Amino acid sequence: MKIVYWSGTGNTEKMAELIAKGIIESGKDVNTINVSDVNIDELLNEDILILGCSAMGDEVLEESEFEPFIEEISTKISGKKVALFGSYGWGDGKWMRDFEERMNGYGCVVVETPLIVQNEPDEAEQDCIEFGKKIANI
């Protein structure tokens, strides 16, 4: 499987590592890729797309790297299964509700409830691991 993410201070990156750990513990293989290093064509061969990005201003996806990537793959992912995650600061997850609505609008099947954690995982570490374990049971 593959996990693609954008992280500005490392919070979503940490989430990505933990989710990967959960998938690996379930017996499966997975590679985490920062959005800057992604290859669209190889990504599109995946059964499940696990995408993460923190909440940027104001309650939107990061604009210089992540959004352009989402827009680029938007027309080629109808019918694909996707799982979403990301870290946020002071909001209540509005950016994630919009992210889910957007992927559904592109014809994707959002497989699990999006995983959102405030700031660095720390306390929510097992939660991140368990989310990966859920995706591995798909």
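One rule holds for the numbers: they count along the sequence shown, beginning at 1.
A.B. asks: Going by the mean C-alpha B-factor recorded in the entry, which is higher: 86-94 or 73-81?
C.D. replies: The recorded data point to 73-81.
A.B. asks: Would you determine, from the values in the PDB entry, which of 32-40 and 103-111 has the greater average C-alpha temperature factor?
C.D. replies: According to the entry, 32-40 carries the higher average C-alpha B-factor.
A.B. asks: Could you say which of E120, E25, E17, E130 has its CA atom at the highest B factor, as listed in the PDB entry?
C.D. replies: If I rank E120, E25, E17, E130 by C-alpha B-factor, first place goes to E120.
A.B. asks: Looking at the entry's B-factor column for C-alpha atoms only, identify whether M56 ranks in the lowest, middle or highest third of its chain.
C.D. replies: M56: CA B-factor falls in the middle third of its chain.
A.B. asks: Rank-wise, by C-alpha B-factor, drop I135 into the lowest, middle or highest third of its chain.
C.D. replies: Answer is middle: the recorded C-alpha B-factor places it there.
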